[PDB]
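The file protein-v6.pdb contains PDB, C-alpha atoms:
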```pdb
MODEL        1
ATOM      1  CA  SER A   1     114.801 -35.290  81.037
ATOM      2  CA  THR A   2     114.216 -31.975  82.733
ATOM      3  CA  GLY A   3     115.538 -28.426  82.611
ATOM      4  CA  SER A   4     115.546 -25.547  85.096
ATOM      5  CA  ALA A   5     116.624 -21.998  84.362
ATOM      6  CA  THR A   6     116.490 -18.764  86.282
ATOM      7  CA  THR A   7     114.654 -15.882  84.678
ATOM      8  CA  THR A   8     115.619 -12.339  85.603
ATOM      9  CA  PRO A   9     113.793  -9.008  85.254
ATOM     10  CA  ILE A  10     115.461  -6.761  82.674
ATOM     11  CA  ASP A  11     114.887  -3.656  84.777
ATOM     12  CA  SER A  12     113.500  -2.337  88.034
ATOM     13  CA  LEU A  13     109.907  -2.402  86.734
ATOM     14  CA  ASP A  14     109.863  -6.044  85.583
ATOM     15  CA  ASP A  15     109.158  -4.839  82.036
ATOM     16  CA  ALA A  16     110.283  -8.267  80.816
ATOM     17  CA  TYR A  17     112.305 -11.280  81.969
ATOM     18  CA  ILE A  18     115.370 -12.788  80.365
ATOM     19  CA  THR A  19     116.513 -16.366  80.596
ATOM     20  CA  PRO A  20     119.935 -17.594  79.478
ATOM     21  CA  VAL A  21     119.863 -20.009  76.549
ATOM     22  CA  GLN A  22     122.766 -21.993  75.121
ATOM     23  CA  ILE A  23     122.855 -22.125  71.327
ATOM     24  CA  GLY A  24     125.346 -23.946  69.159
ATOM     25  CA  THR A  25     128.648 -25.718  69.654
ATOM     26  CA  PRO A  26     130.596 -24.419  71.513
ATOM     27  CA  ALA A  27     127.713 -22.841  73.365
ATOM     28  CA  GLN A  28     126.772 -19.264  72.631
ATOM     29  CA  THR A  29     124.718 -17.985  75.538
ATOM     30  CA  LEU A  30     122.016 -15.487  74.673
ATOM     31  CA  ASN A  31     119.480 -13.972  77.049
ATOM     32  CA  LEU A  32     116.047 -14.621  75.587
ATOM     33  CA  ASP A  33     112.572 -13.413  76.435
ATOM     34  CA  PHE A  34     110.511 -16.553  77.027
ATOM     35  CA  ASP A  35     107.163 -15.774  75.476
ATOM     36  CA  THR A  36     104.169 -18.064  75.987
ATOM     37  CA  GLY A  37     102.286 -15.786  73.555
ATOM     38  CA  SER A  38     104.361 -16.584  70.447
ATOM     39  CA  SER A  39     106.041 -19.566  68.863
ATOM     40  CA  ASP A  40     109.258 -18.400  67.228
ATOM     41  CA  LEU A  41     112.715 -18.759  68.707
ATOM     42  CA  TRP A  42     114.574 -15.868  67.132
ATOM     43  CA  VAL A  43     117.871 -14.200  67.948
ATOM     44  CA  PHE A  44     119.994 -11.215  67.216
ATOM     45  CA  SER A  45     122.741 -12.575  65.030
ATOM     46  CA  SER A  46     125.750 -11.907  62.869
ATOM     47  CA  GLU A  47     123.226 -11.404  60.067
ATOM     48  CA  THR A  48     121.295  -8.628  61.811
ATOM     49  CA  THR A  49     121.507  -5.241  60.088
ATOM     50  CA  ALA A  50     124.376  -3.602  61.957
ATOM     51  CA  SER A  51     122.546  -0.316  62.595
ATOM     52  CA  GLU A  52     119.795  -2.296  64.332
ATOM     53  CA  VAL A  53     122.115  -3.923  66.872
ATOM     54  CA  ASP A  54     122.819  -1.856  69.999
ATOM     55  CA  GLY A  55     124.401  -3.856  72.803
ATOM     56  CA  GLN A  56     122.725  -7.223  72.265
ATOM     57  CA  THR A  57     124.659 -10.452  72.296
ATOM     58  CA  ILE A  58     124.486 -12.025  68.853
ATOM     59  CA  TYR A  59     124.364 -15.594  67.638
ATOM     60  CA  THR A  60     126.998 -16.303  65.014
ATOM     61  CA  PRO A  61     126.064 -19.521  63.222
ATOM     62  CA  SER A  62     129.366 -19.695  61.337
ATOM     63  CA  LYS A  63     131.093 -20.224  64.702
ATOM     64  CA  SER A  64     128.828 -23.160  65.595
ATOM     65  CA  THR A  65     129.892 -26.576  64.369
ATOM     66  CA  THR A  66     126.337 -27.876  64.761
ATOM     67  CA  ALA A  67     124.617 -24.988  62.918
ATOM     68  CA  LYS A  68     123.017 -25.801  59.577
ATOM     69  CA  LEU A  69     121.252 -23.353  57.288
ATOM     70  CA  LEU A  70     117.651 -24.399  56.864
ATOM     71  CA  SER A  71     117.697 -23.885  53.153
ATOM     72  CA  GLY A  72     115.011 -21.611  51.750
ATOM     73  CA  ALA A  73     113.386 -20.930  55.116
ATOM     74  CA  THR A  74     112.454 -17.404  56.156
ATOM     75  CA  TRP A  75     110.460 -15.940  59.009
ATOM     76  CA  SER A  76     108.696 -12.721  59.781
ATOM     77  CA  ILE A  77     106.741 -11.857  62.880
ATOM     78  CA  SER A  78     104.732  -8.917  64.161
ATOM     79  CA  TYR A  79     103.859  -8.692  67.840
ATOM     80  CA  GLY A  80     100.862  -7.229  69.619
ATOM     81  CA  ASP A  81     102.852  -4.197  70.748
ATOM     82  CA  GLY A  82     103.695  -3.314  67.142
ATOM     83  CA  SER A  83     107.257  -4.596  67.184
ATOM     84  CA  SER A  84     108.565  -6.951  64.520
ATOM     85  CA  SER A  85     111.526  -8.932  63.252
ATOM     86  CA  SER A  86     112.414 -11.164  60.310
ATOM     87  CA  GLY A  87     115.201 -13.177  58.771
ATOM     88  CA  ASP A  88     116.322 -16.670  57.827
ATOM     89  CA  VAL A  89     116.673 -19.928  59.740
ATOM     90  CA  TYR A  90     119.303 -22.293  61.054
ATOM     91  CA  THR A  91     118.930 -25.513  62.937
ATOM     92  CA  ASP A  92     121.242 -25.923  65.916
ATOM     93  CA  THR A  93     121.546 -27.393  69.375
ATOM     94  CA  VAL A  94     119.658 -25.363  71.971
ATOM     95  CA  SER A  95     119.811 -25.942  75.711
ATOM     96  CA  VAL A  96     117.770 -24.351  78.460
ATOM     97  CA  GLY A  97     118.671 -25.030  82.064
ATOM     98  CA  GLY A  98     120.360 -28.325  81.238
ATOM     99  CA  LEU A  99     117.661 -29.518  78.831
ATOM    100  CA  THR A 100     118.985 -30.009  75.308
ATOM    101  CA  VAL A 101     117.169 -30.070  71.977
ATOM    102  CA  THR A 102     119.074 -30.954  68.835
ATOM    103  CA  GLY A 103     117.843 -29.671  65.483
ATOM    104  CA  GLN A 104     116.003 -26.693  66.958
ATOM    105  CA  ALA A 105     114.964 -24.006  64.501
ATOM    106  CA  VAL A 106     116.945 -20.901  65.459
ATOM    107  CA  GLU A 107     115.539 -17.974  63.547
ATOM    108  CA  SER A 108     118.287 -15.534  62.719
ATOM    109  CA  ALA A 109     117.184 -11.905  62.540
ATOM    110  CA  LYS A 110     118.207  -9.896  59.515
ATOM    111  CA  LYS A 111     115.911  -7.053  60.561
ATOM    112  CA  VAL A 112     114.427  -5.987  63.884
ATOM    113  CA  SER A 113     112.183  -3.046  64.737
ATOM    114  CA  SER A 114     113.364  -0.144  66.855
ATOM    115  CA  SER A 115     111.820  -1.483  70.085
ATOM    116  CA  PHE A 116     114.135  -4.455  69.926
ATOM    117  CA  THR A 117     117.215  -2.451  68.981
ATOM    118  CA  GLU A 118     116.593  -0.082  71.860
ATOM    119  CA  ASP A 119     116.402  -2.911  74.368
ATOM    120  CA  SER A 120     120.008  -3.960  74.871
ATOM    121  CA  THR A 121     119.108  -6.610  77.460
ATOM    122  CA  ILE A 122     116.991  -8.847  75.210
ATOM    123  CA  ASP A 123     118.928 -10.951  72.703
ATOM    124  CA  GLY A 124     115.845 -12.544  71.185
ATOM    125  CA  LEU A 125     112.674 -14.433  71.984
ATOM    126  CA  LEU A 126     111.928 -18.032  72.779
ATOM    127  CA  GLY A 127     108.327 -18.803  71.957
ATOM    128  CA  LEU A 128     106.329 -21.199  74.097
ATOM    129  CA  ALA A 129     102.865 -20.900  72.556
ATOM    130  CA  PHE A 130     101.644 -23.626  70.216
ATOM    131  CA  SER A 131     103.718 -24.406  67.146
ATOM    132  CA  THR A 132     100.768 -23.636  64.885
ATOM    133  CA  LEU A 133     101.710 -19.943  65.312
ATOM    134  CA  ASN A 134     105.314 -20.434  64.209
ATOM    135  CA  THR A 135     106.041 -18.117  61.274
ATOM    136  CA  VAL A 136     108.749 -20.034  59.425
ATOM    137  CA  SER A 137     107.965 -20.470  55.752
ATOM    138  CA  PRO A 138     107.566 -22.613  53.705
ATOM    139  CA  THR A 139     108.062 -25.269  56.386
ATOM    140  CA  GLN A 140     106.640 -24.354  59.777
ATOM    141  CA  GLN A 141     108.927 -25.182  62.670
ATOM    142  CA  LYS A 142     108.305 -26.494  66.169
ATOM    143  CA  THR A 143     108.912 -24.645  69.414
ATOM    144  CA  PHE A 144     111.623 -25.620  71.828
ATOM    145  CA  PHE A 145     108.993 -27.098  74.136
ATOM    146  CA  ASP A 146     107.381 -29.109  71.364
ATOM    147  CA  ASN A 147     110.748 -30.526  70.333
ATOM    148  CA  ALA A 148     111.655 -31.354  73.950
ATOM    149  CA  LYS A 149     108.265 -32.757  74.886
ATOM    150  CA  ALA A 150     108.729 -36.441  74.164
ATOM    151  CA  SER A 151     111.985 -36.543  76.140
ATOM    152  CA  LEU A 152     110.604 -34.721  79.163
ATOM    153  CA  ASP A 153     109.720 -36.669  82.311
ATOM    154  CA  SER A 154     106.323 -34.951  82.099
ATOM    155  CA  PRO A 155     105.064 -32.879  79.125
ATOM    156  CA  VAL A 156     104.942 -29.623  81.062
ATOM    157  CA  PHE A 157     106.778 -26.442  81.739
ATOM    158  CA  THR A 158     106.215 -24.021  84.591
ATOM    159  CA  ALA A 159     106.614 -20.270  84.930
ATOM    160  CA  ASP A 160     107.481 -18.870  88.324
ATOM    161  CA  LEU A 161     108.102 -15.180  87.722
ATOM    162  CA  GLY A 162     109.382 -12.992  90.505
ATOM    163  CA  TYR A 163     108.225  -9.581  91.598
ATOM    164  CA  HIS A 164     111.246  -7.311  91.378
ATOM    165  CA  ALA A 165     113.271 -10.529  91.689
ATOM    166  CA  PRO A 166     114.468 -13.527  89.726
ATOM    167  CA  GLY A 167     112.273 -16.532  89.154
ATOM    168  CA  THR A 168     112.307 -19.859  87.379
ATOM    169  CA  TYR A 169     111.263 -21.665  84.239
ATOM    170  CA  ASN A 170     111.186 -25.437  84.684
ATOM    171  CA  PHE A 171     110.726 -28.013  81.954
ATOM    172  CA  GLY A 172     109.530 -31.531  82.510
ATOM    173  CA  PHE A 173     108.584 -31.409  86.187
ATOM    174  CA  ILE A 174     106.521 -29.578  88.772
ATOM    175  CA  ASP A 175     108.542 -28.313  91.745
ATOM    176  CA  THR A 176     106.185 -28.997  94.613
ATOM    177  CA  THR A 177     108.275 -26.766  96.899
ATOM    178  CA  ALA A 178     107.713 -23.710  94.692
ATOM    179  CA  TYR A 179     104.078 -23.015  95.572
ATOM    180  CA  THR A 180     101.677 -23.042  98.512
ATOM    181  CA  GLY A 181      98.450 -24.988  98.745
ATOM    182  CA  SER A 182      97.226 -26.804  95.666
ATOM    183  CA  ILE A 183      97.489 -26.202  91.933
ATOM    184  CA  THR A 184      94.124 -25.541  90.314
ATOM    185  CA  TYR A 185      93.936 -26.682  86.736
ATOM    186  CA  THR A 186      91.701 -25.132  84.132
ATOM    187  CA  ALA A 187      90.839 -25.901  80.493
ATOM    188  CA  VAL A 188      92.820 -24.514  77.576
ATOM    189  CA  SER A 189      91.680 -23.715  74.068
ATOM    190  CA  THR A 190      94.422 -23.964  71.466
ATOM    191  CA  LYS A 191      92.152 -22.709  68.668
ATOM    192  CA  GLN A 192      94.070 -19.415  68.378
ATOM    193  CA  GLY A 193      97.440 -21.028  69.099
ATOM    194  CA  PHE A 194      97.643 -19.512  72.576
ATOM    195  CA  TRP A 195      97.441 -20.783  76.130
ATOM    196  CA  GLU A 196      93.872 -19.494  76.188
ATOM    197  CA  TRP A 197      91.703 -20.065  79.232
ATOM    198  CA  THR A 198      88.718 -18.629  81.062
ATOM    199  CA  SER A 199      89.050 -16.924  84.397
ATOM    200  CA  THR A 200      86.052 -17.289  86.682
ATOM    201  CA  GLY A 201      86.032 -13.668  87.837
ATOM    202  CA  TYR A 202      87.730 -10.968  89.836
ATOM    203  CA  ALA A 203      87.804  -8.825  92.928
ATOM    204  CA  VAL A 204      89.244  -5.378  93.602
ATOM    205  CA  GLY A 205      91.031  -5.004  96.929
ATOM    206  CA  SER A 206      88.931  -6.360  99.796
ATOM    207  CA  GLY A 207      85.812  -6.137  97.623
ATOM    208  CA  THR A 208      83.419  -8.946  96.888
ATOM    209  CA  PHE A 209      84.292 -11.391  94.163
ATOM    210  CA  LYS A 210      82.452 -10.930  90.880
ATOM    211  CA  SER A 211      81.742 -14.213  89.159
ATOM    212  CA  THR A 212      82.151 -13.625  85.467
ATOM    213  CA  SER A 213      83.889 -15.492  82.656
ATOM    214  CA  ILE A 214      86.976 -13.722  81.310
ATOM    215  CA  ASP A 215      88.571 -15.440  78.316
ATOM    216  CA  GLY A 216      92.248 -14.616  77.983
ATOM    217  CA  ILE A 217      95.774 -15.863  77.344
ATOM    218  CA  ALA A 218      98.572 -16.670  79.704
ATOM    219  CA  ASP A 219     101.330 -14.617  78.145
ATOM    220  CA  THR A 220     104.737 -14.364  79.772
ATOM    221  CA  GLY A 221     105.883 -12.073  76.970
ATOM    222  CA  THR A 222     103.404  -9.323  77.844
ATOM    223  CA  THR A 223     104.272  -7.041  80.762
ATOM    224  CA  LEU A 224     100.857  -5.946  81.941
ATOM    225  CA  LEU A 225      97.431  -7.338  82.694
ATOM    226  CA  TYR A 226      94.940  -6.443  79.960
ATOM    227  CA  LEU A 227      91.293  -7.001  80.822
ATOM    228  CA  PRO A 228      87.880  -5.786  79.652
ATOM    229  CA  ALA A 229      87.227  -2.093  80.101
ATOM    230  CA  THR A 230      84.490  -2.775  82.644
ATOM    231  CA  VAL A 231      86.880  -4.695  84.901
ATOM    232  CA  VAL A 232      89.675  -2.187  84.525
ATOM    233  CA  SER A 233      87.353   0.755  85.216
ATOM    234  CA  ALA A 234      86.174  -0.979  88.393
ATOM    235  CA  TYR A 235      89.790  -1.405  89.532
ATOM    236  CA  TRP A 236      90.969   2.156  88.907
ATOM    237  CA  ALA A 237      87.789   3.647  90.394
ATOM    238  CA  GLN A 238      89.231   2.535  93.736
ATOM    239  CA  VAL A 239      92.340   4.688  93.300
ATOM    240  CA  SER A 240      91.786   8.358  94.034
ATOM    241  CA  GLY A 241      92.830  10.478  91.100
ATOM    242  CA  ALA A 242      93.339   7.621  88.654
ATOM    243  CA  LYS A 243      92.281   8.347  85.097
ATOM    244  CA  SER A 244      92.625   6.985  81.611
ATOM    245  CA  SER A 245      94.913   9.179  79.558
ATOM    246  CA  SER A 246      94.852   8.889  75.771
ATOM    247  CA  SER A 247      97.993  11.049  75.615
ATOM    248  CA  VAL A 248      99.904   8.603  77.799
ATOM    249  CA  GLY A 249      98.152   5.513  76.437
ATOM    250  CA  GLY A 250      96.280   4.083  79.393
ATOM    251  CA  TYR A 251      95.396   4.436  83.026
ATOM    252  CA  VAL A 252      97.665   6.566  85.160
ATOM    253  CA  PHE A 253      97.416   7.280  88.851
ATOM    254  CA  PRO A 254      98.970   9.607  91.390
ATOM    255  CA  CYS A 255     102.327   8.189  92.413
ATOM    256  CA  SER A 256     101.317   9.037  96.004
ATOM    257  CA  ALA A 257      98.574   6.378  95.903
ATOM    258  CA  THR A 258      98.450   3.064  97.669
ATOM    259  CA  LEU A 259      97.148   0.617  95.106
ATOM    260  CA  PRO A 260      94.582  -2.046  95.981
ATOM    261  CA  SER A 261      95.171  -5.677  95.186
ATOM    262  CA  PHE A 262      93.459  -7.410  92.293
ATOM    263  CA  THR A 263      92.160 -10.961  92.543
ATOM    264  CA  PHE A 264      91.417 -13.228  89.609
ATOM    265  CA  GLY A 265      89.598 -16.524  89.626
ATOM    266  CA  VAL A 266      90.939 -19.861  88.477
ATOM    267  CA  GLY A 267      88.035 -22.235  88.868
ATOM    268  CA  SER A 268      87.036 -22.003  92.514
ATOM    269  CA  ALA A 269      90.539 -20.810  93.422
ATOM    270  CA  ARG A 270      91.773 -17.228  93.705
ATOM    271  CA  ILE A 271      95.076 -15.603  92.775
ATOM    272  CA  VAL A 272      95.802 -12.305  94.510
ATOM    273  CA  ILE A 273      97.936  -9.705  92.758
ATOM    274  CA  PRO A 274      99.307  -7.321  95.417
ATOM    275  CA  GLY A 275      98.758  -3.634  94.714
ATOM    276  CA  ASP A 276     102.496  -3.006  94.444
ATOM    277  CA  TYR A 277     102.629  -5.322  91.413
ATOM    278  CA  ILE A 278     100.323  -2.925  89.590
ATOM    279  CA  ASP A 279     102.695   0.078  89.981
ATOM    280  CA  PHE A 280     104.828   0.711  86.886
ATOM    281  CA  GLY A 281     106.206   3.998  88.118
ATOM    282  CA  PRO A 282     106.436   7.501  86.759
ATOM    283  CA  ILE A 283     105.238   7.943  83.180
ATOM    284  CA  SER A 284     108.370  10.026  82.583
ATOM    285  CA  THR A 285     111.374  10.708  84.812
ATOM    286  CA  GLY A 286     110.412  12.983  87.675
ATOM    287  CA  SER A 287     106.667  12.789  86.986
ATOM    288  CA  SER A 288     104.194  12.360  89.816
ATOM    289  CA  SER A 289     101.890  10.523  87.434
ATOM    290  CA  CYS A 290     102.457   6.778  87.547
ATOM    291  CA  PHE A 291     101.552   4.166  84.963
ATOM    292  CA  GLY A 292      99.101   1.436  85.872
ATOM    293  CA  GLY A 293      99.781  -2.270  85.564
ATOM    294  CA  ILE A 294      96.164  -3.170  84.757
ATOM    295  CA  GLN A 295      95.004  -1.763  81.439
ATOM    296  CA  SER A 296      92.089  -2.157  79.053
ATOM    297  CA  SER A 297      92.209  -4.881  76.431
ATOM    298  CA  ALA A 298      89.676  -2.956  74.330
ATOM    299  CA  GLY A 299      91.154  -2.702  70.865
ATOM    300  CA  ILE A 300      93.666  -5.514  71.461
ATOM    301  CA  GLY A 301      90.990  -8.042  70.638
ATOM    302  CA  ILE A 302      91.972 -10.416  73.418
ATOM    303  CA  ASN A 303      92.445 -10.303  77.181
ATOM    304  CA  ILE A 304      96.023 -10.928  78.279
ATOM    305  CA  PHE A 305      97.139 -12.347  81.582
ATOM    306  CA  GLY A 306     100.631 -10.934  81.278
ATOM    307  CA  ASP A 307     103.446 -10.819  83.797
ATOM    308  CA  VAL A 308     101.548  -8.620  86.290
ATOM    309  CA  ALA A 309      99.120 -11.521  86.774
ATOM    310  CA  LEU A 310     101.413 -14.460  86.191
ATOM    311  CA  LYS A 311     104.126 -13.349  88.618
ATOM    312  CA  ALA A 312     101.536 -13.597  91.431
ATOM    313  CA  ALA A 313     101.292 -17.345  90.742
ATOM    314  CA  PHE A 314     103.110 -20.545  90.083
ATOM    315  CA  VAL A 315     101.876 -21.427  86.612
ATOM    316  CA  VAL A 316     101.837 -24.863  84.996
ATOM    317  CA  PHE A 317     101.704 -25.020  81.226
ATOM    318  CA  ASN A 318     100.549 -28.596  80.738
ATOM    319  CA  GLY A 319     101.280 -29.767  77.197
ATOM    320  CA  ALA A 320      99.643 -33.154  77.458
ATOM    321  CA  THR A 321      97.479 -34.309  74.542
ATOM    322  CA  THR A 322      94.708 -32.165  76.022
ATOM    323  CA  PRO A 323      96.579 -29.128  77.267
ATOM    324  CA  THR A 324      95.628 -27.405  80.508
ATOM    325  CA  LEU A 325      96.855 -24.541  82.687
ATOM    326  CA  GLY A 326      97.514 -24.778  86.400
ATOM    327  CA  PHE A 327      97.711 -21.912  88.882
ATOM    328  CA  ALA A 328      98.876 -21.949  92.478
ATOM    329  CA  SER A 329      99.577 -19.241  94.997
ATOM    330  CA  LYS A 330     103.154 -18.968  96.228
TER     331      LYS A 330
ENDMDL
END
```
Any chance you could give the structure as structure tokens?
Amino acid sequence: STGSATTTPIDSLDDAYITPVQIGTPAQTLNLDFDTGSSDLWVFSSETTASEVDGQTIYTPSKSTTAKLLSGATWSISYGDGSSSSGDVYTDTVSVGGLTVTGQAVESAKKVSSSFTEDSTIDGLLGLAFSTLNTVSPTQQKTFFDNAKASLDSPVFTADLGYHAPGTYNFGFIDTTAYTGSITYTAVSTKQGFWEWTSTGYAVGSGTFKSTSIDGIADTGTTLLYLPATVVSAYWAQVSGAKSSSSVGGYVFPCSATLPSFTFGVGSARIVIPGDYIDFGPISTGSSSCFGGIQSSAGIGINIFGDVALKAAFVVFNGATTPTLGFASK
């Protein structure tokens, strides 16, 4: 089997991408944030504290003939950005882009943090990291991808995020028309439960490439590119007037600037992030200070190849027995 679904930016900055997901019978379609940095499929639901729902589409398990309470199971997750959610668990039929999993753990939110409430466009998350991170207790549950894997034509999914435009998540096949040149594959460590890999270096604009190992995770659920302070300092030093602002919470730059590109290494290959991808616009409405798309990972504890980086590539998440990551230009 295969599946193919379009993923759509939630706003004009590409702060996140939502992908429609069919849950239950008859289908209830929710727009979920596919997150290769976590491993819980959770949704706003009929059980979510009413004051914490503000415009989201909810899953109502009582209206699904295939929903079954997973008795005794609870979940609770905290994300890197400080947001969180928790609740109980149903199993139900879940389909993405024509690909159907029966018996998928659908984690029903009883509580969500303010960040989620305030984002009316995201109805929940669909985790695509390794199932070892799944938070369901006392019986850990598998991700959608893990459940689908054996049925897939090939044990892969691909992320093809657009810049200020829709893109595609595919399951079970590699669309050879969706990228240019060749796909370069690189080793993955699953030791932390992430799609963790090592970039071979970077360049700033038309500058020379610096060969240096940068360990990080391919994380579709993170907006920006978070890299070591050295790397990030080198990037923003090429933008006149750019500075790190503790009050704002990262590097800002004059909105009048033309940003340089940023290149990262994948083996001997190179992925170029155009400067425009690194512009996240005014820090506040009407401000001439703009927020940068490359930020320091210092204090996160891990480097994160988030959407800023991933949307510059066609990315293969290879879930074979020995997982790997593939990157191509497009």
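Shortest separation to residue 5 in chain A among A:138, A:166, A:42, A:60 occurs at residue A:166, atoms counted being all atoms listed in the file.
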Item to check | Residue contacts of residue 19 in chain A (10 Å, all atoms listed in the file) excluding same-chain residues fewer than 5 positions away, as a PyMOL selection string | outcome: chain A and resi 5-10+29-34+96-97+122-123+125-126+166-169
Any chance you could export the current selection's C-alpha atoms as a CSV table (one decimal), in the coordinates of the input?
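File produced: part_8.csv:
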```csv
chain,number,residue,atom,x,y,z
A,5,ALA,CA,116.6,-22.0,84.4
A,6,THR,CA,116.5,-18.8,86.3
A,7,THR,CA,114.7,-15.9,84.7
A,8,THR,CA,115.6,-12.3,85.6
A,9,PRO,CA,113.8,-9.0,85.3
A,10,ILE,CA,115.5,-6.8,82.7
A,29,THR,CA,124.7,-18.0,75.5
A,30,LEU,CA,122.0,-15.5,74.7
A,31,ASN,CA,119.5,-14.0,77.0
A,32,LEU,CA,116.0,-14.6,75.6
A,33,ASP,CA,112.6,-13.4,76.4
A,34,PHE,CA,110.5,-16.6,77.0
A,96,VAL,CA,117.8,-24.4,78.5
A,97,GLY,CA,118.7,-25.0,82.1
A,122,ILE,CA,117.0,-8.8,75.2
A,123,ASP,CA,118.9,-11.0,72.7
A,125,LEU,CA,112.7,-14.4,72.0
A,126,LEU,CA,111.9,-18.0,72.8
A,166,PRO,CA,114.5,-13.5,89.7
A,167,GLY,CA,112.3,-16.5,89.2
A,168,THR,CA,112.3,-19.9,87.4
A,169,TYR,CA,111.3,-21.7,84.2
```
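Here CA of residue 163 in chain A is placed at a distance of 7.2 Å from CA of residue 14 in chain A.
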Next on the checklist: Report, in Å to a single decimal, how far apart CA of residue 37 in chain A and CA of residue 127 in chain A are.
Outcome noted: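 For CA of residue 127 in chain A relative to CA of residue 37 in chain A, the distance reads 6.9 Å.
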Residues within 12 Å of range 278-290 of chain A, only C-alpha atoms, excluding chain neighbours under 6 positions, as a PDB file with C-alpha atoms, in the frame of the given file:
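Below you can see around_2.pdb, which holds the result:
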```pdb
ATOM      1  CA  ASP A  11     114.887  -3.656  84.777  1.00  0.00           C
ATOM      2  CA  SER A  12     113.500  -2.337  88.034  1.00  0.00           C
ATOM      3  CA  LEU A  13     109.907  -2.402  86.734  1.00  0.00           C
ATOM      4  CA  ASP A  14     109.863  -6.044  85.583  1.00  0.00           C
ATOM      5  CA  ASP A  15     109.158  -4.839  82.036  1.00  0.00           C
ATOM      6  CA  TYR A 163     108.225  -9.581  91.598  1.00  0.00           C
ATOM      7  CA  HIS A 164     111.246  -7.311  91.378  1.00  0.00           C
ATOM      8  CA  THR A 223     104.272  -7.041  80.762  1.00  0.00           C
ATOM      9  CA  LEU A 224     100.857  -5.946  81.941  1.00  0.00           C
ATOM     10  CA  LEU A 225      97.431  -7.338  82.694  1.00  0.00           C
ATOM     11  CA  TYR A 226      94.940  -6.443  79.960  1.00  0.00           C
ATOM     12  CA  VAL A 232      89.675  -2.187  84.525  1.00  0.00           C
ATOM     13  CA  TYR A 235      89.790  -1.405  89.532  1.00  0.00           C
ATOM     14  CA  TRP A 236      90.969   2.156  88.907  1.00  0.00           C
ATOM     15  CA  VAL A 239      92.340   4.688  93.300  1.00  0.00           C
ATOM     16  CA  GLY A 241      92.830  10.478  91.100  1.00  0.00           C
ATOM     17  CA  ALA A 242      93.339   7.621  88.654  1.00  0.00           C
ATOM     18  CA  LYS A 243      92.281   8.347  85.097  1.00  0.00           C
ATOM     19  CA  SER A 244      92.625   6.985  81.611  1.00  0.00           C
ATOM     20  CA  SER A 245      94.913   9.179  79.558  1.00  0.00           C
ATOM     21  CA  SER A 247      97.993  11.049  75.615  1.00  0.00           C
ATOM     22  CA  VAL A 248      99.904   8.603  77.799  1.00  0.00           C
ATOM     23  CA  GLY A 249      98.152   5.513  76.437  1.00  0.00           C
ATOM     24  CA  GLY A 250      96.280   4.083  79.393  1.00  0.00           C
ATOM     25  CA  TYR A 251      95.396   4.436  83.026  1.00  0.00           C
ATOM     26  CA  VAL A 252      97.665   6.566  85.160  1.00  0.00           C
ATOM     27  CA  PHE A 253      97.416   7.280  88.851  1.00  0.00           C
ATOM     28  CA  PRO A 254      98.970   9.607  91.390  1.00  0.00           C
ATOM     29  CA  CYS A 255     102.327   8.189  92.413  1.00  0.00           C
ATOM     30  CA  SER A 256     101.317   9.037  96.004  1.00  0.00           C
ATOM     31  CA  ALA A 257      98.574   6.378  95.903  1.00  0.00           C
ATOM     32  CA  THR A 258      98.450   3.064  97.669  1.00  0.00           C
ATOM     33  CA  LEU A 259      97.148   0.617  95.106  1.00  0.00           C
ATOM     34  CA  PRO A 260      94.582  -2.046  95.981  1.00  0.00           C
ATOM     35  CA  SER A 261      95.171  -5.677  95.186  1.00  0.00           C
ATOM     36  CA  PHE A 262      93.459  -7.410  92.293  1.00  0.00           C
ATOM     37  CA  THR A 263      92.160 -10.961  92.543  1.00  0.00           C
ATOM     38  CA  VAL A 272      95.802 -12.305  94.510  1.00  0.00           C
ATOM     39  CA  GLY A 306     100.631 -10.934  81.278  1.00  0.00           C
ATOM     40  CA  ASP A 307     103.446 -10.819  83.797  1.00  0.00           C
ATOM     41  CA  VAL A 308     101.548  -8.620  86.290  1.00  0.00           C
ATOM     42  CA  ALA A 309      99.120 -11.521  86.774  1.00  0.00           C
ATOM     43  CA  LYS A 311     104.126 -13.349  88.618  1.00  0.00           C
ATOM     44  CA  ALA A 312     101.536 -13.597  91.431  1.00  0.00           C
TER      45      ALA A 312
END
```
Checklist entry - Taking only C-alpha atoms into account, which of A:128, A:227, A:266, A:271 comes nearest residue 149 in chain A? => result A:128
Next on the checklist: Running the PyMOL selection byres ((chain A and resi 328) around 8) on this model by hand, what would come out? Give it as a ChimeraX atom specification.
Outcome noted: /A:179-184,271,313-315,326-327,329-330
Checklist entry - Applied to this file, what does the PyMOL selection byres ((chain A and resi 36) around 9) return in terms of residues, put as a list in words? => result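 Applying the expression gives residues 34, 35, 37, 38, 39, 126, 127, 128, 129, 130, 194, 195, 217, 218, 219, 220, 221 and 222 of chain A.
Distances here use only C-alpha atoms; by that measure, the residue among A:89, A:105, A:136, A:234 closest to residue 205 in chain A is A:234.
Taking CA of residue 206 in chain A and CA of residue 269 in chain A as the two end points, the separation is 15.9 Å.
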Checklist entry - Which is closest to residue 25 in chain A among A:93, A:213, A:158, A:51, if we use all atoms listed in the file? => result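 Smallest separation from residue 25 in chain A among the options: A:93.
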